[PDB]
>>> print(open('protein_26.pdb').read())   # PDB, N, CA and C atoms
ATOM      1  N   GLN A   1      31.187   6.047 186.777
ATOM      2  CA  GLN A   1      30.106   6.987 187.079
ATOM      3  C   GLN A   1      29.919   7.255 188.574
ATOM      4  N   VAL A   2      29.436   8.450 188.904
ATOM      5  CA  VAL A   2      29.133   8.801 190.290
ATOM      6  C   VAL A   2      27.793   8.200 190.720
ATOM      7  N   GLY A   3      27.630   7.976 192.022
ATOM      8  CA  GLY A   3      26.418   7.384 192.563
ATOM      9  C   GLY A   3      25.196   8.286 192.610
ATOM     10  N   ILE A   4      24.065   7.755 192.147
ATOM     11  CA  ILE A   4      22.790   8.472 192.099
ATOM     12  C   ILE A   4      22.206   8.737 193.485
ATOM     13  N   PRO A   5      21.821   9.996 193.768
ATOM     14  CA  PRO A   5      21.308  10.327 195.104
ATOM     15  C   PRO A   5      20.023   9.578 195.426
ATOM     16  N   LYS A   6      19.874   9.130 196.667
ATOM     17  CA  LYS A   6      18.752   8.267 197.021
ATOM     18  C   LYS A   6      17.406   8.983 196.936
ATOM     19  N   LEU A   7      17.404  10.285 197.205
ATOM     20  CA  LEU A   7      16.199  11.100 197.061
ATOM     21  C   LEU A   7      15.819  11.305 195.591
ATOM     22  N   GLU A   8      16.816  11.276 194.713
ATOM     23  CA  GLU A   8      16.591  11.537 193.296
ATOM     24  C   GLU A   8      15.745  10.453 192.602
ATOM     25  N   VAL A   9      15.850   9.213 193.071
ATOM     26  CA  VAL A   9      15.088   8.105 192.487
ATOM     27  C   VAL A   9      13.978   7.594 193.413
ATOM     28  N   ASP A  10      13.060   6.800 192.867
ATOM     29  CA  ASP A  10      11.871   6.378 193.615
ATOM     30  C   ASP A  10      12.048   5.171 194.554
ATOM     31  N   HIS A  11      13.190   4.499 194.480
ATOM     32  CA  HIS A  11      13.436   3.313 195.301
ATOM     33  C   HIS A  11      13.542   3.623 196.789
ATOM     34  N   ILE A  12      12.923   2.794 197.625
ATOM     35  CA  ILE A  12      13.214   2.828 199.062
ATOM     36  C   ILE A  12      14.551   2.130 199.378
ATOM     37  N   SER A  13      15.277   2.646 200.367
ATOM     38  CA  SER A  13      16.595   2.127 200.730
ATOM     39  C   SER A  13      16.732   2.054 202.244
ATOM     40  N   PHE A  14      16.984   0.857 202.770
ATOM     41  CA  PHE A  14      16.921   0.659 204.223
ATOM     42  C   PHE A  14      18.234   0.632 204.989
ATOM     43  N   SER A  15      19.308   1.049 204.343
ATOM     44  CA  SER A  15      20.549   1.268 205.055
ATOM     45  C   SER A  15      21.140   2.578 204.567
ATOM     46  N   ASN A  16      21.511   3.442 205.505
ATOM     47  CA  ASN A  16      21.948   4.789 205.168
ATOM     48  C   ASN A  16      22.967   5.288 206.171
ATOM     49  N   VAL A  17      23.837   6.205 205.753
ATOM     50  CA  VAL A  17      24.815   6.770 206.685
ATOM     51  C   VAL A  17      24.324   8.045 207.377
ATOM     52  N   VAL A  18      23.994   7.897 208.648
ATOM     53  CA  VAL A  18      23.508   8.980 209.466
ATOM     54  C   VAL A  18      24.631   9.543 210.334
ATOM     55  N   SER A  19      24.867  10.842 210.204
ATOM     56  CA  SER A  19      25.788  11.550 211.083
ATOM     57  C   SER A  19      25.163  11.717 212.458
ATOM     58  N   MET A  20      25.987  11.653 213.497
ATOM     59  CA  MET A  20      25.488  11.768 214.858
ATOM     60  C   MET A  20      26.579  12.175 215.832
ATOM     61  N   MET A  21      26.188  12.895 216.878
ATOM     62  CA  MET A  21      27.122  13.263 217.925
ATOM     63  C   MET A  21      27.438  12.033 218.757
ATOM     64  N   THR A  22      28.689  11.918 219.194
ATOM     65  CA  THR A  22      29.133  10.735 219.935
ATOM     66  C   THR A  22      28.521  10.639 221.323
ATOM     67  N   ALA A  23      28.133  11.785 221.869
ATOM     68  CA  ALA A  23      27.506  11.840 223.180
ATOM     69  C   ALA A  23      26.688  13.120 223.278
ATOM     70  N   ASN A  24      25.917  13.258 224.350
ATOM     71  CA  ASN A  24      24.917  14.316 224.432
ATOM     72  C   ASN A  24      25.483  15.740 224.352
ATOM     73  N   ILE A  25      24.845  16.560 223.516
ATOM     74  CA  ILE A  25      25.240  17.953 223.271
ATOM     75  C   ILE A  25      25.048  18.857 224.492
ATOM     76  N   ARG A  26      24.026  18.560 225.287
ATOM     77  CA  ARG A  26      23.700  19.358 226.467
ATOM     78  C   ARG A  26      24.495  18.885 227.684
ATOM     79  N   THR A  27      25.753  19.304 227.746
ATOM     80  CA  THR A  27      26.666  18.904 228.806
ATOM     81  C   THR A  27      26.209  19.411 230.176
ATOM     82  N   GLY A  28      25.473  20.517 230.187
ATOM     83  CA  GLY A  28      24.984  21.086 231.431
ATOM     84  C   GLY A  28      25.773  22.269 231.966
ATOM     85  N   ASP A  29      26.839  22.655 231.271
ATOM     86  CA  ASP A  29      27.543  23.889 231.617
ATOM     87  C   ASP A  29      26.931  25.090 230.893
ATOM     88  N   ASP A  30      25.706  25.452 231.267
ATOM     89  CA  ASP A  30      25.024  26.582 230.639
ATOM     90  C   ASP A  30      25.728  27.904 230.934
ATOM     91  N   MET A  31      25.772  28.760 229.918
ATOM     92  CA  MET A  31      26.459  30.041 229.993
ATOM     93  C   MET A  31      25.806  30.973 231.006
ATOM     94  N   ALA A  32      26.629  31.715 231.743
ATOM     95  CA  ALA A  32      26.140  32.686 232.718
ATOM     96  C   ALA A  32      27.028  33.907 232.645
ATOM     97  N   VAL A  33      26.493  35.065 233.023
ATOM     98  CA  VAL A  33      27.180  36.328 232.765
ATOM     99  C   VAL A  33      27.144  37.292 233.932
ATOM    100  N   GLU A  34      28.109  38.208 233.938
ATOM    101  CA  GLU A  34      28.200  39.243 234.956
ATOM    102  C   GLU A  34      27.628  40.511 234.367
ATOM    103  N   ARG A  35      26.321  40.696 234.487
ATOM    104  CA  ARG A  35      25.731  41.978 234.135
ATOM    105  C   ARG A  35      26.184  42.988 235.153
ATOM    106  N   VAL A  36      26.596  44.162 234.691
ATOM    107  CA  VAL A  36      26.905  45.235 235.617
ATOM    108  C   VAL A  36      26.223  46.502 235.128
ATOM    109  N   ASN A  37      25.485  47.125 236.043
ATOM    110  CA  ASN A  37      24.615  48.252 235.733
ATOM    111  C   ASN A  37      25.378  49.541 235.479
ATOM    112  N   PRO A  38      24.741  50.490 234.784
ATOM    113  CA  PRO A  38      25.301  51.842 234.698
ATOM    114  C   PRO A  38      25.396  52.439 236.102
ATOM    115  N   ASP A  39      26.447  53.204 236.382
ATOM    116  CA  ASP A  39      26.662  53.706 237.739
ATOM    117  C   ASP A  39      25.619  54.760 238.134
ATOM    118  N   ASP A  40      25.379  55.723 237.242
ATOM    119  CA  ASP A  40      24.413  56.803 237.467
ATOM    120  C   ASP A  40      23.517  56.943 236.250
ATOM    121  N   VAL A  41      22.202  56.884 236.463
ATOM    122  CA  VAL A  41      21.242  56.897 235.354
ATOM    123  C   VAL A  41      21.254  58.209 234.576
ATOM    124  N   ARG A  42      21.563  59.308 235.255
ATOM    125  CA  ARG A  42      21.585  60.597 234.584
ATOM    126  C   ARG A  42      22.728  60.731 233.584
ATOM    127  N   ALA A  43      23.821  60.028 233.848
ATOM    128  CA  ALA A  43      25.022  60.154 233.037
ATOM    129  C   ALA A  43      24.998  59.296 231.776
ATOM    130  N   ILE A  44      24.004  58.418 231.661
ATOM    131  CA  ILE A  44      23.933  57.471 230.543
ATOM    132  C   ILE A  44      23.788  58.182 229.198
ATOM    133  N   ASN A  45      24.530  57.732 228.190
ATOM    134  CA  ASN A  45      24.458  58.382 226.888
ATOM    135  C   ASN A  45      23.483  57.715 225.930
ATOM    136  N   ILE A  46      22.254  58.210 225.936
ATOM    137  CA  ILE A  46      21.208  57.745 225.036
ATOM    138  C   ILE A  46      21.591  58.028 223.580
ATOM    139  N   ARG A  47      22.307  59.129 223.388
ATOM    140  CA  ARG A  47      22.583  59.701 222.076
ATOM    141  C   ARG A  47      23.472  58.818 221.208
ATOM    142  N   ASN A  48      23.772  59.325 220.012
ATOM    143  CA  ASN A  48      24.648  58.666 219.046
ATOM    144  C   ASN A  48      24.172  57.279 218.660
ATOM    145  N   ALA A  49      23.104  57.231 217.867
ATOM    146  CA  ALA A  49      22.580  55.967 217.362
ATOM    147  C   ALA A  49      22.295  54.994 218.500
TER     148      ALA A  49
ATOM    149  N   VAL B   1      53.371  47.783 233.239
ATOM    150  CA  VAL B   1      52.268  48.588 232.734
ATOM    151  C   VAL B   1      51.842  49.638 233.734
ATOM    152  N   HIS B   2      51.816  50.883 233.279
ATOM    153  CA  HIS B   2      51.317  51.980 234.086
ATOM    154  C   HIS B   2      49.863  52.234 233.703
ATOM    155  N   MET B   3      48.990  51.306 234.081
ATOM    156  CA  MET B   3      47.580  51.417 233.710
ATOM    157  C   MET B   3      46.885  52.559 234.421
ATOM    158  N   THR B   4      46.047  53.277 233.683
ATOM    159  CA  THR B   4      45.365  54.446 234.208
ATOM    160  C   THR B   4      43.862  54.264 234.084
ATOM    161  N   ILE B   5      43.222  53.905 235.190
ATOM    162  CA  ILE B   5      41.783  53.680 235.207
ATOM    163  C   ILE B   5      41.038  54.985 235.463
ATOM    164  N   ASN B   6      40.557  55.608 234.392
ATOM    165  CA  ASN B   6      39.818  56.856 234.516
ATOM    166  C   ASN B   6      38.482  56.685 235.216
ATOM    167  N   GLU B   7      37.895  55.501 235.077
ATOM    168  CA  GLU B   7      36.572  55.239 235.627
ATOM    169  C   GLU B   7      36.364  53.741 235.844
ATOM    170  N   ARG B   8      36.212  53.343 237.104
ATOM    171  CA  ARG B   8      36.065  51.929 237.447
ATOM    172  C   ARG B   8      34.724  51.330 237.028
ATOM    173  N   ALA B   9      33.754  52.181 236.724
ATOM    174  CA  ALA B   9      32.405  51.716 236.433
ATOM    175  C   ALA B   9      32.348  50.787 235.221
ATOM    176  N   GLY B  10      31.596  49.701 235.368
ATOM    177  CA  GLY B  10      31.377  48.742 234.298
ATOM    178  C   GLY B  10      32.393  47.615 234.288
ATOM    179  N   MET B  11      33.470  47.788 235.040
ATOM    180  CA  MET B  11      34.542  46.801 235.127
ATOM    181  C   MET B  11      34.067  45.492 235.755
ATOM    182  N   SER B  12      34.449  44.365 235.162
ATOM    183  CA  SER B  12      34.214  43.076 235.807
ATOM    184  C   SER B  12      35.063  42.953 237.069
ATOM    185  N   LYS B  13      34.477  42.416 238.132
ATOM    186  CA  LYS B  13      35.182  42.274 239.401
ATOM    187  C   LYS B  13      36.377  41.340 239.240
ATOM    188  N   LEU B  14      36.217  40.331 238.394
ATOM    189  CA  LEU B  14      37.313  39.435 238.067
ATOM    190  C   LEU B  14      38.431  40.156 237.332
ATOM    191  N   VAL B  15      38.070  41.106 236.476
ATOM    192  CA  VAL B  15      39.078  41.932 235.832
ATOM    193  C   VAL B  15      39.805  42.787 236.878
ATOM    194  N   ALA B  16      39.079  43.240 237.894
ATOM    195  CA  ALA B  16      39.694  44.030 238.952
ATOM    196  C   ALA B  16      40.710  43.192 239.725
ATOM    197  N   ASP B  17      40.324  41.962 240.062
ATOM    198  CA  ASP B  17      41.224  41.064 240.772
ATOM    199  C   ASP B  17      42.428  40.780 239.892
ATOM    200  N   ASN B  18      42.209  40.704 238.584
ATOM    201  CA  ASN B  18      43.329  40.429 237.692
ATOM    202  C   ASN B  18      44.294  41.580 237.619
ATOM    203  N   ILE B  19      43.757  42.790 237.675
ATOM    204  CA  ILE B  19      44.589  43.973 237.583
ATOM    205  C   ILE B  19      45.419  44.107 238.850
ATOM    206  N   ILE B  20      44.797  43.873 239.998
ATOM    207  CA  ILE B  20      45.541  43.930 241.247
ATOM    208  C   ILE B  20      46.596  42.829 241.274
ATOM    209  N   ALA B  21      46.234  41.664 240.749
ATOM    210  CA  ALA B  21      47.162  40.543 240.738
ATOM    211  C   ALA B  21      48.302  40.825 239.777
ATOM    212  N   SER B  22      48.052  41.712 238.819
ATOM    213  CA  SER B  22      49.103  42.178 237.932
ATOM    214  C   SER B  22      50.000  43.159 238.656
ATOM    215  N   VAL B  23      49.406  43.960 239.531
ATOM    216  CA  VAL B  23      50.190  44.923 240.278
ATOM    217  C   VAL B  23      51.161  44.142 241.127
ATOM    218  N   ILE B  24      50.707  42.998 241.621
ATOM    219  CA  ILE B  24      51.549  42.230 242.527
ATOM    220  C   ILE B  24      52.565  41.323 241.824
ATOM    221  N   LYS B  25      52.118  40.577 240.826
ATOM    222  CA  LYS B  25      52.983  39.570 240.222
ATOM    223  C   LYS B  25      53.733  40.039 238.971
ATOM    224  N   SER B  26      53.260  41.110 238.345
ATOM    225  CA  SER B  26      53.976  41.700 237.218
ATOM    226  C   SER B  26      54.468  43.116 237.501
ATOM    227  N   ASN B  27      54.307  43.561 238.746
ATOM    228  CA  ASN B  27      54.683  44.916 239.158
ATOM    229  C   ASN B  27      53.997  46.022 238.364
ATOM    230  N   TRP B  28      52.718  45.851 238.082
ATOM    231  CA  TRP B  28      51.983  46.917 237.435
ATOM    232  C   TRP B  28      51.886  48.085 238.383
ATOM    233  N   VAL B  29      51.830  49.282 237.819
ATOM    234  CA  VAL B  29      51.479  50.466 238.578
ATOM    235  C   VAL B  29      50.163  50.967 238.012
ATOM    236  N   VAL B  30      49.059  50.728 238.713
ATOM    237  CA  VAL B  30      47.776  51.157 238.175
ATOM    238  C   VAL B  30      47.250  52.397 238.887
ATOM    239  N   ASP B  31      46.873  53.411 238.112
ATOM    240  CA  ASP B  31      46.482  54.702 238.675
ATOM    241  C   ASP B  31      44.976  54.988 238.557
ATOM    242  N   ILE B  32      44.228  54.632 239.599
ATOM    243  CA  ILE B  32      42.783  54.858 239.659
ATOM    244  C   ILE B  32      42.395  56.324 239.906
ATOM    245  N   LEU B  33      41.965  57.023 238.859
ATOM    246  CA  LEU B  33      41.659  58.451 238.978
ATOM    247  C   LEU B  33      40.271  58.779 239.522
ATOM    248  N   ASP B  34      39.385  57.791 239.541
ATOM    249  CA  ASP B  34      38.007  58.015 239.966
ATOM    250  C   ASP B  34      37.883  58.363 241.448
ATOM    251  N   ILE B  35      38.779  57.809 242.261
ATOM    252  CA  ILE B  35      38.648  57.838 243.722
ATOM    253  C   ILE B  35      38.816  59.202 244.386
ATOM    254  N   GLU B  36      37.939  59.484 245.349
ATOM    255  CA  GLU B  36      38.091  60.638 246.226
ATOM    256  C   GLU B  36      38.275  60.105 247.634
ATOM    257  N   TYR B  37      39.192  60.699 248.387
ATOM    258  CA  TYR B  37      39.493  60.190 249.716
ATOM    259  C   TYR B  37      40.039  61.273 250.636
ATOM    260  N   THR B  38      39.617  61.214 251.894
ATOM    261  CA  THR B  38      40.230  61.962 252.983
ATOM    262  C   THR B  38      41.465  61.214 253.445
ATOM    263  N   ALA B  39      42.400  61.916 254.071
ATOM    264  CA  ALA B  39      43.569  61.239 254.614
ATOM    265  C   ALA B  39      43.918  61.730 256.012
ATOM    266  N   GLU B  40      44.363  60.806 256.854
ATOM    267  CA  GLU B  40      44.780  61.133 258.204
ATOM    268  C   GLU B  40      46.221  60.689 258.371
ATOM    269  N   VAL B  41      47.102  61.612 258.760
ATOM    270  CA  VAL B  41      48.504  61.272 258.998
ATOM    271  C   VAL B  41      48.746  60.784 260.415
ATOM    272  N   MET B  42      48.697  59.468 260.587
ATOM    273  CA  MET B  42      48.879  58.855 261.895
ATOM    274  C   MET B  42      50.334  58.934 262.335
ATOM    275  N   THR B  43      50.540  59.144 263.630
ATOM    276  CA  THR B  43      51.874  59.146 264.219
ATOM    277  C   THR B  43      52.376  57.708 264.392
ATOM    278  N   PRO B  44      53.704  57.518 264.397
ATOM    279  CA  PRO B  44      54.247  56.167 264.557
ATOM    280  C   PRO B  44      53.800  55.524 265.861
ATOM    281  N   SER B  45      53.610  56.327 266.898
ATOM    282  CA  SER B  45      53.202  55.786 268.183
ATOM    283  C   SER B  45      51.843  55.110 268.112
ATOM    284  N   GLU B  46      50.919  55.677 267.341
ATOM    285  CA  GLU B  46      49.543  55.170 267.343
ATOM    286  C   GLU B  46      49.303  54.066 266.322
ATOM    287  N   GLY B  47      50.025  54.117 265.209
ATOM    288  CA  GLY B  47      49.915  53.072 264.211
ATOM    289  C   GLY B  47      48.644  53.233 263.400
ATOM    290  N   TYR B  48      48.430  52.338 262.444
ATOM    291  CA  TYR B  48      47.215  52.378 261.648
ATOM    292  C   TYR B  48      46.050  51.833 262.450
ATOM    293  N   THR B  49      44.851  52.316 262.152
ATOM    294  CA  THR B  49      43.649  51.798 262.795
ATOM    295  C   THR B  49      42.670  51.257 261.753
TER     296      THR B  49
END
>>> encode(input="protein_26.pdb", output="structure tokens")
Amino acid sequence: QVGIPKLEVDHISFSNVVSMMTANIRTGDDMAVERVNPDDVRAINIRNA
Amino acid sequence: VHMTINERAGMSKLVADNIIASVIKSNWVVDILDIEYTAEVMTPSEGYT
């Protein structure tokens, strides 16, 4: 038979397998971008959806 | 590659450096059509300024 899920029954259980990252997720290399503006505001195409 | 840049606007500066570096190391011929320029025909005696 397969094992009964721990949430499915009323028993408390004090040892469990917890997944975890081996080291911190926030490495500190936050993403940064090169925004570049439209050259001329009059030429911008508002149209087409 | 005979790349033809109809309009430089919006281009990443790093992409520009890459394209020039392609002109140099892969012998690209890139044709920038956006540019307008005056020209002066200097004599050999005077050289470029």
>>> atom_distance(input="protein_26.pdb", atom1="atom C of residue 15 of chain A", atom2="atom N of residue 27 of chain A")
29.0 Å
>>> closest_residue(input="protein_26.pdb", among="A:37, A:1, A:19, A:45", to="residue 10 of chain B", atoms="all atoms listed in the file")
A:37
>>> closest_atom_pairs(input="protein_26.pdb", of="chain A", to="chain B", cutoff="8 Å", atoms="all atoms listed in the file", output="JSON lines")
{"residue": "A:34", "atom": "CA", "partner": "B:12", "partner_atom": "CA", "distance": 7.2}
{"residue": "A:35", "atom": "C", "partner": "B:10", "partner_atom": "C", "distance": 7.8}
{"residue": "A:36", "atom": "C", "partner": "B:10", "partner_atom": "CA", "distance": 5.7}
{"residue": "A:37", "atom": "C", "partner": "B:10", "partner_atom": "CA", "distance": 6.2}
{"residue": "A:38", "atom": "CA", "partner": "B:10", "partner_atom": "N", "distance": 6.7}
{"residue": "A:39", "atom": "N", "partner": "B:9", "partner_atom": "CA", "distance": 6.1}
>>> atom_distance(input="protein_26.pdb", atom1="atom CA of residue 18 of chain A", atom2="atom C of residue 2 of chain A")
19.2 Å
>>> residues_around(input="protein_26.pdb", residues="residue 33 of chain B", least_positions_apart="3", cutoff="7 Å", atoms="all atoms listed in the file", output="ChimeraX atom specification")
/B:4-7,36
>>> atom_distance(input="protein_26.pdb", atom1="atom CA of residue 1 of chain B", atom2="atom CA of residue 28 of chain B")
5.0 Å
>>> select_by_dssp(input="protein_26.pdb", residues="chain B", states="helix (DSSP H, G or I)", output="list in words")
residues 13, 14, 15, 16, 17, 18, 19, 20, 21, 22, 23, 24 and 25 of chain B
>>> axis_aligned_box(input="protein_26.pdb", around="segment 3-16 of chain A", padding_each_side="6 Å", output="JSON")
{"center_x": 19.8, "center_y": 6.1, "center_z": 199.1, "size_x": 27.8, "size_y": 22.9, "size_z": 26.1}
>>> decode(input="protein_26.pdb", residues="segment 4-20 of chain A", atoms="N, CA, C and O atoms", output="compact mmCIF listing (two decimals), in the first residue's frame")
# COMPACT_ATOMS: atom_id res chain seq x y z
N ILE A 4 -0.16 7.05 3.60
CA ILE A 4 -1.22 8.03 3.88
C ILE A 4 -0.69 9.43 4.13
O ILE A 4 0.22 9.61 4.94
N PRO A 5 -1.24 10.44 3.44
CA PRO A 5 -0.73 11.81 3.59
C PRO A 5 -0.91 12.33 5.01
O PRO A 5 -1.96 12.12 5.60
N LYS A 6 0.07 13.07 5.51
CA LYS A 6 0.06 13.47 6.92
C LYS A 6 -1.07 14.45 7.24
O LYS A 6 -1.58 14.47 8.35
N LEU A 7 -1.43 15.28 6.26
CA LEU A 7 -2.56 16.19 6.41
C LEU A 7 -3.90 15.45 6.42
O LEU A 7 -4.88 15.92 6.99
N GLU A 8 -3.95 14.31 5.75
CA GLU A 8 -5.19 13.55 5.62
C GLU A 8 -5.69 12.96 6.95
O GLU A 8 -6.90 12.83 7.16
N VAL A 9 -4.77 12.64 7.85
CA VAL A 9 -5.14 12.08 9.15
C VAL A 9 -4.89 13.05 10.31
O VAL A 9 -4.22 14.06 10.14
N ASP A 10 -5.46 12.75 11.48
CA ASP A 10 -5.42 13.68 12.61
C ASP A 10 -4.14 13.67 13.47
O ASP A 10 -3.97 14.52 14.34
N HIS A 11 -3.26 12.70 13.24
CA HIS A 11 -2.04 12.57 14.03
C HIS A 11 -1.06 13.72 13.80
O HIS A 11 -0.84 14.14 12.67
N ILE A 12 -0.46 14.23 14.88
CA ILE A 12 0.70 15.11 14.75
C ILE A 12 1.98 14.30 14.43
O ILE A 12 2.16 13.19 14.93
N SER A 13 2.86 14.88 13.63
CA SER A 13 4.09 14.21 13.19
C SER A 13 5.26 15.17 13.24
O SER A 13 5.25 16.21 12.57
N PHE A 14 6.29 14.83 14.02
CA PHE A 14 7.36 15.79 14.29
C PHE A 14 8.66 15.64 13.50
O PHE A 14 9.67 16.26 13.84
N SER A 15 8.63 14.84 12.46
CA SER A 15 9.74 14.81 11.53
C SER A 15 9.17 14.80 10.12
O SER A 15 8.28 14.01 9.81
N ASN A 16 9.67 15.70 9.28
CA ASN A 16 9.10 15.89 7.95
C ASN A 16 10.17 16.32 6.97
O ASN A 16 11.17 16.91 7.37
N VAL A 17 9.98 16.02 5.68
CA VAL A 17 10.95 16.45 4.67
C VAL A 17 10.61 17.82 4.06
O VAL A 17 9.69 17.96 3.27
N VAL A 18 11.39 18.81 4.46
CA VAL A 18 11.23 20.17 3.99
C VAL A 18 12.23 20.48 2.89
O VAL A 18 13.45 20.33 3.07
N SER A 19 11.72 20.90 1.74
CA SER A 19 12.56 21.39 0.65
C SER A 19 13.10 22.76 1.00
O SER A 19 12.42 23.56 1.64
N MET A 20 14.33 23.04 0.58
CA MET A 20 14.96 24.32 0.89
C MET A 20 16.09 24.64 -0.07
O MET A 20 16.74 23.75 -0.60
